[PDB]
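First comes one chain, alone, set out as structure tokens in the form solved without (+)-menthone (LWE).
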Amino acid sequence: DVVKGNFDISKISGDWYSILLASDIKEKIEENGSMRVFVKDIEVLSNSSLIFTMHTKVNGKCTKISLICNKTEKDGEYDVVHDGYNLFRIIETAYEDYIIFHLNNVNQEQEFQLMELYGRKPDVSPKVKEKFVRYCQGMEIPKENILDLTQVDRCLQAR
């Protein structure tokens, strides 16, 4: 059951897996890029803040990190500081299957977007993935800038 607004944030908590990653600047999400991090779980706090626990590669090793995201004034939007100021929202979710987040990173040099699909399981339906691709094309992210992480190291081994 697919939700596209009025998200019930309580239902996005718990464990997720990073499945697709996309950006309008490809380097951001390729190996070594600052945005190539692999979600573990999302914790929702009493003040509506969210804590993303994730893994990133540090000298070849999966290292746990924690991202604090705060609700902005604007509805559905969150901000988080990581390699700049990021504003993000939920595009779509089936709470027990997948979720798609859109993010704008603002920085002195060049704004970029990210799009990410997480699954409750390590993989999701190829239909869902195609739907993520079309959302990306609508946002001027070309399909060549869309990485599927199911057959690469995404720190599953460190979870």
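Numbering starts at 1 and runs along the sequence shown. Only residues modelled in both forms are compared. For clarity, a rigid core is taken as the largest C-alpha set superposing within 1.5 Å between two forms.
The following text describes the form deposited with (+)-menthone (LWE) bound, which does not appear among the structures shown.
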Original post:
Quick one: does residue 95 come within 4.5 Å of (+)-menthone (LWE) in the bound PDB entry, counting heavy atoms only?
Top reply: no
Original post:
Does residue 103 make contact with (+)-menthone (LWE) in the bound PDB entry, using a 4.5 Å heavy atom cut-off?
Top reply: yes
Subject >> Close approach of residue 44 to (+)-menthone (LWE) in the bound PDB entry, 4.5 Å, heavy atom >> reply: no
Subject >> Close approach of residue 114 to (+)-menthone (LWE) in the bound PDB entry, 4.5 Å, heavy atom >> reply: yes
Subject >> Heavy atom within 4.5 Å of (+)-menthone (LWE) in the bound PDB entry - qualifying residues of 38-64 >> reply: 52, 54
Original post:
Superposed on the rigid core, which segments of at least three residues move by 2 angstroms or more at the Cα between this form and the one not shown?
Top reply: 46-48
